[PDB]
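Letters A, B, ... mirror the listed sequences (proteins, then strands); counts begin at 1. Keep in mind that the numbers below use all heavy atoms, side chains included, and drop hydrogens, waters and symmetry copies.
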6 protein chains.
Amino acid sequence: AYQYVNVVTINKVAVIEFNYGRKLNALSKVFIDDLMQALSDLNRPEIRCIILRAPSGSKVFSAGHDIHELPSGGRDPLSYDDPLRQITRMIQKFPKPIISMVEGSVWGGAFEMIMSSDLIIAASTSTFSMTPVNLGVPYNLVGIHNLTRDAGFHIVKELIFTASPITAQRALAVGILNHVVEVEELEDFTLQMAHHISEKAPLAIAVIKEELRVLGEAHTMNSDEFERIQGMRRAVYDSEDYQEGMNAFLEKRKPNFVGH
Amino acid sequence: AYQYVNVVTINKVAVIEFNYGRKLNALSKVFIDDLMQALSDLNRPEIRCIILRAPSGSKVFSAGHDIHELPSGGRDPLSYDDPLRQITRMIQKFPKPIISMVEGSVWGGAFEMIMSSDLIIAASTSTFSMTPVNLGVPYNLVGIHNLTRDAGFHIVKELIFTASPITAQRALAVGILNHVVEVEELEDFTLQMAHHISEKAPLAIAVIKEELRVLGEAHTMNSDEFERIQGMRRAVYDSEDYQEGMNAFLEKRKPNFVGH
Amino acid sequence: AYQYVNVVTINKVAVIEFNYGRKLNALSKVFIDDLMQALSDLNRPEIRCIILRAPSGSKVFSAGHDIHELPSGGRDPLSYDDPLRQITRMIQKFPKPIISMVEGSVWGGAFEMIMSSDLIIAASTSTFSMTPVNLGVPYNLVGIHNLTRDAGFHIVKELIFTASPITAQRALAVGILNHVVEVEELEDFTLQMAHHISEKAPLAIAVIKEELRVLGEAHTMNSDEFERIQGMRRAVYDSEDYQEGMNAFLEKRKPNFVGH
Amino acid sequence: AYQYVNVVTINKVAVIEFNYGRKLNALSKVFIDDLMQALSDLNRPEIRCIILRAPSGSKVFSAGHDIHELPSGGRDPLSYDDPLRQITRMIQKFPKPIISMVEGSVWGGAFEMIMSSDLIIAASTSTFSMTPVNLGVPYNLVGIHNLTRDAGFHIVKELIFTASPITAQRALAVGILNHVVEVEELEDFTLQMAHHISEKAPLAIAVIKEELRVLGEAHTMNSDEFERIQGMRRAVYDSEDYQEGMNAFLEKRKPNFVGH
Amino acid sequence: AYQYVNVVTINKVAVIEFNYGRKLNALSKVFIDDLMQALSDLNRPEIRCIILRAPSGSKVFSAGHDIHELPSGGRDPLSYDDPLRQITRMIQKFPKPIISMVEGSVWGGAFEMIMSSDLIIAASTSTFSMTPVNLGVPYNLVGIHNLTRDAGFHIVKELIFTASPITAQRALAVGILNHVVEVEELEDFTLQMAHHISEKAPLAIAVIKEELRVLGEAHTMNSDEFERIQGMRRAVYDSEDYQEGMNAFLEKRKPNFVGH
Amino acid sequence: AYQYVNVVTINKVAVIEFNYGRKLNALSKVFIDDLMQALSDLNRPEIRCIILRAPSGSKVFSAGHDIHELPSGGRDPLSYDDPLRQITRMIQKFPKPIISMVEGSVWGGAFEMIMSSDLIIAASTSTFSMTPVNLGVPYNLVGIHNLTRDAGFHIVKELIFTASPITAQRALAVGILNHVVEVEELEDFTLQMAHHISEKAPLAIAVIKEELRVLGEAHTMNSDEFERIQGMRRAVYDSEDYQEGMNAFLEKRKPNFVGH
Ligand SMILES: CC(C(=O)OCCNC(=O)CCNC(=O)[C@H](O)C(C)(C)COP(=O)(O)OP(=O)(O)OC[C@H]1O[C@@H](n2cnc3c(N)ncnc32)[C@H](O)[C@@H]1OP(=O)(O)O)=[N+]([O-])[O-]
Ligand SMILES: CC(C(=O)OCCNC(=O)CCNC(=O)[C@H](O)C(C)(C)COP(=O)(O)OP(=O)(O)OC[C@H]1O[C@@H](n2cnc3c(N)ncnc32)[C@H](O)[C@@H]1OP(=O)(O)O)=[N+]([O-])[O-]
Ligand SMILES: [K+]
Ligand code: NI
Ligand code: NI
Ligand code: NI
């Protein structure tokens with residue numbers, strides 16, 4: 001068993017339920033490490049499909065990045081082995097389909113985490129936001145790339161530049177979501193689709209998933225461009241605005257951004 | 001003339017109509033060779049726009065891959081010079097617009113074929129499925145790439161992982177189709193658009209179509225990533241699951257997939 | 001002060017209004033040079049969001065390329081330093097969000113210009129046309145790429161191959177627009193969103209916009225493929241049809257295109 | 001047979017000898033067209049290796065570009081379908097090895113031509129120069145790339161920026177040549193190697209040559225970078241220096257370049 | 001201990017000596033499994049440099065790919081999981097320098113194996129041959145790429161198209177070898193350089209080795225290019241010539257290749 | 001005038017001579033800023049070729065990075081806007097040839113700096129070392145790439161992993177240098193080559209230099225690969241070994257590296 005997730009297996013379908021309500025499923029390292037161990041434990045031939053969910057009735061799916069752990073003092077908080085970076089890679093490389101089954105509000109990092117999964121099925125009352133511009137966080141290239149494969153550029157720029165929540169109905173209309181259903185039908189609807197997928201050829205599913213992963217990633221640039229972007233990101237991590245954004249969040253006041 | 005298609009010219013518009021209804025327009029080599037010969041014959045200055053259709057009233061637009069013609073195992077079923085791979089390249093490189101005018105159900109390789117065309121106009125009763133996971137087929141990279149330029153990744157993954165049919169209305173909503181019209185209006189609506197395009201500058205249409213083709217292919221990877229994918233595909237077409245999927249289709253029974 | 005635009009700033013938002021209505025805000029060099037000088041003058045820390053608009057009541061937002069300035073005698077009219085090519089680079093590199101606020105009809109180069117901006121908010125009565133196939137112009141690779149990040153390939157090919165106008169409602173459905181509002185709400189809706197964005201962290205917005213720009217351009221090809229495309233574009237600008245297309249537009253008649 | 005080349009077949013080896021000594025085997029269209037026809041006619045299973053040579057005793061192997069064929073009004077003489085661009089593609093795509101067997105002096109485009117070939121075996125008295133900076137020519141990307149696969153960057157820059165001739169001995173030392181032999185041994189040495197190659201597996205040789213060709217071309221860039229370089233090339237073709245360079249060559253006088 | 005290698009440790013340097021003299025150290029699956037197990041066992045902080053060697057006095061360093069383990073026809077002979085493909089990836093990714101210390105003749109896959117290593121130091125009597133065109137084998141893109149990072153294209157094509165051995169002196173001159181020494185001095189010359197490297201910063205060496213590996217592999221192409229190459233390779237491994245090459249090796253006779 | 005360089009012009013040739021001998025021309029910010037200002041000031045049409053040199057008789061050409069300019073620990077000394085990273089970009093983008101004329105010993109970042117220049121002409125007594133593995137520095141991707149365009153991979157790895165000096169004669173043999181001259185002839189040999197280059201077409205030289213620069217950069221990878229390398233570099237900067245290497249150099253003792 002796991003301290004911060006609960007796993008149920010129903011024939012070939014596994015359901016990983018978040019059990020980190022004390023921090024509204026914020027992406028703390030101890031929570032992500034249990035999620036990753038639970039997924040790893042389910043990498044077996046007789047499991048064919050995974051569902052990720054918050055507990056039934058939750059008002060919050062996930063509060064996103066744990067801002068108490070998101071480091072300040074000049075260190076990159078979205079480095080390659082930071083937990084959100086590790087779990088998006090693991091979801092994308094996992095040789096079985098991973099369905100995000102969403103009840104409640106989805107924030108920032110948690111939005112990138114469900115976007116990295118294969119299908120999203122949501123309650124009609126679920127809401128979605130992408131929040132780095134609230135804190136002054138320079139989100140990393142891979143993280144931003146994970147948000148560009150479903151809705152168009154103008155829609156993605158609206159979500160990130162405003163940090164405003166969208167409804168499940170709008171998330172469906174712009175192509176983020178697969179299905180929107182009444183919260184009382186959410187579990188039944190998602191399990192029926194997961195059981196259906198689990199009757200199909202798992203080795204064909206795994207290789208087509210991996211072919212889509214590498215095509216998704218196949219936007220290539222030279223070393224100079226990457227080093228230029230990393231220089232820009234470091235200037236943001238070094239800014240007064242980044243300190244102000246983190247402090248304003250921890251102090252629950254409105255930040256005063258000044259552009260240095 | 002052609003054994004397996006019928007061609008009509010109306011001013012500058014050519015309509016290539018399938019004539020393989022006894023096999024529900026499955027993509028047998030003999031059918032695809034005729035479709036490619038008809039297209040090549042229509043590469044003339046006086047032809048400005050192509051329409052591909054099934055006969056009026058067809059229940060099945062195309063049953064997709066001829067499963068009899070797939071090599072039984074140990075052999076890549078979607079090699080570069082296999083007929084579906086040849087026709088999709090030919091459609092994409094053809095210097096005139098090609099409009100798929102769809103009445104009936106569209107399956108598997110035939111869904112890839114229409115996705116490779118420039119515009120899709122469909123009857124309100126048409127249905128669309130992508131079926132390789134029903135048989136355990138390791139669909140090839142170029143083939144999967146051809147399904148990713150219209151609908152988002154989560155939608156494409158639902159289509160491929162479930163192999164379930166979608167309606168014309170849902171295909172329109174997610175960005176696969178240009179237009180949905182009542183079946184009685186399908187021929188007139190599509191001919192009106194083709195005659196319209198036929199008065200525009202053909203050399204500008206041809207170079208813009210080619211620019212889009214190159215940009216659409218310009219997802220690049222290193223040799224190791226490609227060879228790693230090919231090794232994964234070979235493990236699938238070497239698998240007992242692939243033989244069981246082919247056999248269950250030919251024997252009209254439900255396959256039992258086990259993951260090797 | 002500018003001859004061809006008017007700028008109003010309130011707090012952190014700047015509105016750049018076209019003042020070239022006597023030529024339907026055609027993208028003449030004198031107008032684009034003024035737009036670029038006004039943007040450069042607004043690249044200051046206290047400015048956080050830009051709106052581009054035509055005057056209230058405009059029937060035509062922009063007529064697109066000035067056909068009286070398009071090179072005739074064997075010269076590429078969309079070379080790297082042509083004014084449309086310069087303004088789209090400047091908008092995409094600009095470290096503040098740029099919102100296109102659209103009232104009236106949008107044509108050709110002007111459609112590319114608004115697509116290059118970060119968000120589009122349009123009146124319910126606005127219309128959008130992409131017109132190079134009306135003139136026989138071989139649109140350049142960068143320009144075509146700018147049109148492919150919002151709507152899918154089939155939709156983009158319909159817009160370009162037909163040159164037919166689409167409504168704001170359809171432009172919203174296919175993913176081109178962020179929002180459609182009644183024209184009497186257009187300024188208030190856009191100002192509210194622009195002022196909302198200006199309260200967010202500008203250095204995070206700037207680096208995320210630049211990350212999106214780099215990822216969007218990261219469709220790479222070898223020198224041979226680019227030189228092949230250049231040769232195709234040159235044969236179009238050397239074409240009888242290209243001369244006929246320009247001549248027809250000047251003589252206010254319908255072109256007769258013949259395919260050389 | 002051919003006006004401008006002579007072909008001798010010895011067992012499985014074909015020797016293509018230039019017959020344009022009147023014009024020092026300058027790369028005139030009529031000469032290159034005959035060279036490409038003779039090569040095409042030798043694409044038969046019983047031919048296994050090609051040797052390209054000047055006649056025995058030639059002082060000049062090839063004088064490079066024909067000045068009398070560069071079409072002024074700025075028009076790019078290194079466009080995709082100009083004769084030298086066509087013959088380098090054809091040599092690189094030719095499914096048999098092509099050995100350049102060099103006696104005499106090699107100039108400019110003829111240096112690019114022999115670099116495009118598979119092996120170079122040269123007389124101890126042969127000499128090599130790359131000459132576009134003598135004329136003010138903006139050599140094209142693919143043409144420059146063809147010069148970068150043998151010697152290192154500093155060496156290539158010395159050859160191009162000086163336009164000075166190098167000895168066979170230096171060309172061997174820096175990795176441009178395979179072998180340097182006394183002129184009396186040049187046919188024996190070259191034919192012994194060609195005959196040896198002709199006993200090897202031709203389908204393996206062809207696919208490995210094509211693998212090397214694609215790996216050699218696999219330096220990829222985005223559309224913006226290509227268009228930028230094209231703009232710089234156009235600026236050189238529009239320059240006063242380019243006119244001066246061509247006029248000085250025609251008037252047999254030293255050019256005076258001024259940097260515009 | 002290992003059945004097919006012997007390992008010595010001298011301070012911080014490990015020497016892996018082949019013990020498969022009965023097949024002249026041909027790269028059989030069981031030999032490569034022990035070489036890889038010995039490398040994995042040595043991946044410890046107190047080991048800082050590896051030497052690969054054949055036993056003292058060896059006439060044959062390695063006879064290369066085990067021809068008996070190649071498939072009969074119709075199957076890719078150089079698939080991603082093939083032993084040669086596994087060992088070259090493991091050498092390249094190994095976080096310590098691997099020096100090939102060469103006494104005797106080096107053939108085919110064994111030449112690719114030493115080329116994949118970091119440094120090559122060779123006896124003055126050693127020789128080097130690349131032999132797939134002797135057997136009609138379609139070498140893979142990754143394998144060919146591993147041969148292109150030291151000598152120029154003209155030299156590499158000579159080596160592969162001739163399958164002729166070159167001396168240690170010529171291999172030094174063209175950039176393949178670091179050093180050539182008399183055989184009596186080979187062991188202690190190599191150990192002196194490995195001990196010197198072992199005093200340097202191992203984490204710096206590892207990240208620089210990895211940066212060079214990524215840069216070396218960063219020649220990118222699109223899916224269609226790779227699948228076109230793979231189809232050409234399949235025509236070769238399906239050919240009569242491939243069968244003839246395998247049979248000629250088994251019957252110890254000269255192959256008769258015909259080009260199908 | 002400049003505090004840290006001396007500039008002499010001889011008609012079209014400019015010679016930038018280091019004036020930082022009391023610190024062995026270490027690459028301190030104040031010294032690089034003066035070199036960059038002196039280059040910027042020579043970017044004039046009447047200047048056609050630059051020579052970089054140390055004063056006549058210098059024992060040390062440049063000692064490389066100023067180790068007394070390491071920033072606050074946990075921080076990258078090879079970030080995009082560090083002076084060495086700035087001047088190598090500026091040399092590579094400079095629209096005139098830059099020749100490194102080397103007398104004395106060349107170390108570390110100074111080796112990268114001369115490698116980034118267009119030609120290197122050296123005294124027979126000059127020596128060359130690449131030194132980051134002496135200190136435990138994770139040299140950055142762009143910096144390593146700048147070392148890979150002249151000599152082959154095996155040679156570069158020997159230089160980097162040994163940090164051992166090589167002679168001028170060995171640097172010529174492996175392709176690093178253009179020419180080696182007796183020290184009394186060095187200045188005149190280098191000036192005659194610079195005057196010769198200055199007679200050639202400057203716009204042709206500039207565009208070919210720029211085309212070589214972008215081809216040399218055109219090794220592309222995806223975001224995940226770049227971020228994975230940055231994670232490894234950061235782990236090296238965070239290591240005990242990195243502290244030990246910098247402290248050892250400051251204290252003039254042998255470092256004790258332990259591999260964490
Ligand atoms: C990637 C990224 C992010 O993900 O940024 C973080 C985005 N997240 C957010 O803005 C949401 C932050 N949380 C909230 O606004 C509220 O907690 C919401 C979700 C509306 C729920 O309000 P609520 O009144 O029901 O509950 P709270 O009392 O606020 O929260 C319940 C508990 O979870 C803690 N918590 C909630 N969100 C957290 C977060 N993101 N990080 C750390 N702790 C969090 C909170 O401190 C409290 O703990 P404690 O008892 O120790 O004080 N980014 O920056 O780009
Ligand atoms: C991507 C991919 C594919 O393209 O795979 C194949 C996907 N297609 C399918 O699964 C649909 C296969 N066909 C069917 O399911 C049924 O024929 C459907 C479409 C429901 C219609 O049924 P129906 O009762 O009306 O008609 P049928 O008798 O089944 O079919 C009419 C005739 O066409 C033949 N046929 C149908 N589908 C075929 C196929 N895919 N390949 C070869 N022959 C086929 C069938 O054997 C019959 O011939 P015969 O009379 O000689 O036996 N893939 O799997 O890799
Ligand atoms: K011909
Ligand atoms: Ni893309
Ligand atoms: Ni079994
Ligand atoms: Ni390269």
>> Is it the case that atom CZ in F249(D) sees more than 12 heavy atoms from other parts of the structure closer than 6.0 Å?
In response: no
> Taking the side chain as C-beta and beyond, is there a heavy-atom pair between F153(D) and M115(F) under 4.5 Å?
Replying inline: no
>> Using heavy-atom distances under 4.5 Å, tell me whether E158(D) contacts chain F through its side chain, its backbone, both, or neither.
In response: both
> Looking at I208(F) and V137(D), what are the two nearest heavy atoms and their distance?
Replying inline: CD1-O, 4.2 Å
> Got a donor-acceptor contact below 3.5 angstrom from the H219(D) side chain to the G216(F) backbone?
Replying inline: no
> If you count heavy-atom pairs under 4.5 Å with chain D, which of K12(F), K200(F), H196(F) comes out on top?
Replying inline: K200(F)
> Are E211(F) and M232(D) close enough, and set up right, to give a side-chain contact (heavy atoms from CB on, under 4.5 Å), and what steps lead you there?
Replying inline: CA-CA 10 Å; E211(F) 289 177 328; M232(D) 292 183 57; over 6 Å; no
>> When you measure from the side chain of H154(D) to the backbone of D150(F), do you find a donor-acceptor pair of N or O atoms at a distance under 3.5 Å?
In response: no
> Among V214(F), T220(F), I99(F), who wins on heavy-atom pairs under 4.5 Å with chain D?
Replying inline: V214(F)
> Can you say whether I160(D) sits under 4.5 Å from chain F via the side chain, the backbone, both, or neither, judging by heavy atoms?
Replying inline: side chain
>> In the structure I gave you, are the side-chain heavy atoms of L203(F) and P138(D) within less than 4.5 Å of one another anywhere?
In response: no
>> Taking every non-hydrogen pair under 4.5 Å, which of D241(D), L135(D), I144(D) racks up the most with chain F?
In response: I144(D)
>> If I compare all heavy atoms of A204(F) with all of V236(D), which pair ends up nearest, and what's the gap?
In response: N-CG1, 4.3 Å
> Closest heavy-atom contact between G136(D) and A201(F)?
Replying inline: CA-CB, 3.4 Å
> If you round to the nearest 0.5 Å, how far is CZ of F161(D) from NZ of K96(F)?
Replying inline: 12.5 Å
>> I need the minimum non-hydrogen distance between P202(F) and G259(D), along with the two atoms involved.
In response: CG-CA, 3.6 Å
> Quick one: of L147(D), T148(D), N140(D), who has the most non-hydrogen atom pairs under 4.5 Å with chain F?
Replying inline: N140(D)
>> I'd like to verify something: which residue of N178(F), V207(F), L119(F) has the highest number of heavy-atom pairs under 4.5 Å with chain D?
In response: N178(F)
> Just wondering, more than 12 heavy atoms not from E182(D) lying within 6.0 Å of its CD?
Replying inline: no
> Given that the side chain runs from C-beta out, which part of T162(D) has a heavy atom under 4.5 Å from chain F: side chain, backbone, both or neither?
Replying inline: both
> Can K254(D) and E199(F) be said to form a side-chain contact (heavy atoms from CB on, under 4.5 Å), step by step?
Replying inline: CA-CA 9 Å; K254(D) 187 170 189 297; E199(F) 286 310 293; 2.7 Å; yes
> Mind checking whether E217(F) and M221(D) have side chains closer than 4.5 Å, heavy atoms only?
Replying inline: no
> So does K23(D) have more than 12 non-hydrogen atoms from other groups sitting under 6.0 Å from NZ?
Replying inline: no
>> For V174(D), which atoms come within 4.5 Å of any heavy atom of chain F: side chain, backbone, both, or neither?
In response: neither
> What part of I114(F) lies closer than 4.5 angstrom to a heavy atom of chain D: side chain, backbone, both or neither?
Replying inline: backbone
> If you count heavy-atom pairs under 4.5 Å between each of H179(F), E46(F), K209(F) and chain D, which one has the most?
Replying inline: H179(F)
>> So does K157(D) get a backbone contact from the side chain of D118(F), meaning a donor-acceptor N/O pair under 3.5 Å?
In response: no
> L172(F) versus chain D, heavy atoms under 4.5 Å apart: side chain, backbone, both or neither?
Replying inline: neither
> chain D heavy atoms under 4.5 Å from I176(F): which part of the residue, side chain, backbone, both or neither?
Replying inline: backbone
